[PDB]
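First, one chain by itself in structure tokens, the form deposited in one PDB entry.
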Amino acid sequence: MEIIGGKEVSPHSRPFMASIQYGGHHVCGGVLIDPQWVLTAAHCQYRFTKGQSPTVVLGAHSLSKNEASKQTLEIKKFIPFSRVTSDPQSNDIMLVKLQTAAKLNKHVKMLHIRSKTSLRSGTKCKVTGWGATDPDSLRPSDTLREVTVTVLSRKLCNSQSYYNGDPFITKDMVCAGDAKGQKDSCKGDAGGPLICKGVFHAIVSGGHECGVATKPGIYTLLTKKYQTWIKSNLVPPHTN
């Protein structure tokens, strides 16, 4: 009748998962959508450094342990959605071009973004990531976890007892949490996928506290605004 937020998934059962890392430490999740591309949240780009050797780790389960299926690729460049009005909560989605192509196998595969499936409020969804299980933890969960969440109506999420228009939940955004409107994934959860009924529907927006009632998780819905954006960048790669 109390406490429950984050069940550990079977090792390598979410082959599409990627770990965005700076200096070898996880700061965000992400999804591999093409051999050389990873989709994640714009919040995951540390704009306060020219270096810190940013990389992506594929085929992993434990962040610290060595694993046969682990692949560490260097990030060639960050391409966050263009913005005229940045500020917290707004087009929090980013494409990460990998330095080289990832090797595909049972533990490392690509996940297709939604194409036309709509998302109703009340639907059951799973959020996958290394988010910490403790709200006061500076470190992420060592192992990949998954939290079940329910999609909330924009109407309820934009109400006064919730975000009260600030952040305002647009059509390109979506809220999901538990019966109490609470967000269960903590630090290191941003950039991961919101999956519902086997469909890749959205990216976890960064900068939102967990464990706080009426303050549900905010995800960046993969609408036509981004799909087009993603498609334009998928070329290049070219050919010869």
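Only residues modelled in both forms are compared. For every residue, the number given is its place in the sequence shown, counted from 1. Definition used throughout: the rigid core is the maximal C-alpha set that superposes within 1.5 Å between two forms.
*Asks:* Using only the Cα atoms and their B-factors as the entry lists them, report which of 217 to 225 and 5 to 13 averages higher.
*Replies:* The deposited B-factors put 5 to 13 ahead on the C-alpha mean.
*Asks:* Which of the two stretches, 191 to 199 or 172 to 180, shows the higher mean Cα temperature factor in the record?
*Replies:* The recorded data point to 172 to 180.
*Asks:* Compare the CA B factors listed in the entry for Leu73, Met94, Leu144, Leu156 and report the winner.
*Replies:* Across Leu73, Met94, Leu144, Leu156, the entry lists the biggest C-alpha B-factor for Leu73.
*Asks:* Per the entry, which of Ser205, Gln45, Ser53, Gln36 tops the list for Cα B factor?
*Replies:* Highest CA B-factor of the listed options: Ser53.
*Asks:* Ranked by Cα temperature factor within the chain, is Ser185 in the lowest third, the middle third or the highest third?
*Replies:* Highest third - that is where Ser185 ends up once the chain's C-alpha B-factors are sorted.
*Asks:* Tell me, lowest, middle or highest third: where does the Cα B factor of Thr128 rank within its chain?
*Replies:* Answer is lowest: the recorded C-alpha B-factor places it there.
*Asks:* Sorting the chain's CA B-factors, does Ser62 end up in the lowest, middle or highest third?
*Replies:* It falls in the middle third of the chain.
*Asks:* If you rank the chain by CA B-factor, which third does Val151 end up in: lowest, middle or highest?
*Replies:* Lowest third of the chain for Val151's C-alpha B-factor.
*Asks:* Could you place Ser19 in the lowest, middle or highest third of its chain by Cα temperature factor, using the values in the record?
*Replies:* CA B-factor rank for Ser19: lowest third.
There is another form of this protein, the form deposited in another entry, and it is not shown here; the text below is about that form.
*Asks:* With the rigid core superposed, which of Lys124, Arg120, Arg83, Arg139 has its C-alpha shift by 2 Å or more between the shown form and the other one?
*Replies:* So the only displaced C-alpha belongs to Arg83.
*Asks:* Might you say whether the CA atoms of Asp166 and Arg83 end up closer or farther apart in the other entry than in this form? Their distance differs by 3 Å or more.
*Replies:* Their C-alpha distance grows by at least 3 Å in the other entry.
*Asks:* Versus the form shown, are the CA atoms of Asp178 and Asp87 closer or farther apart in the other entry, given a shift of 3 angstroms or more?
*Replies:* Farther is correct, given that in the other entry the C-alpha spacing of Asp178 to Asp87 is increased by at least 3 Å.
*Asks:* Once the rigid core is lined up, which stretches of 3 or more residues in a row have C-alphas that move 2 Å or more between the shown form and the other one?
*Replies:* Core-superposed, displaced stretches are 1 to 3, 82 to 89, 235 to 238.
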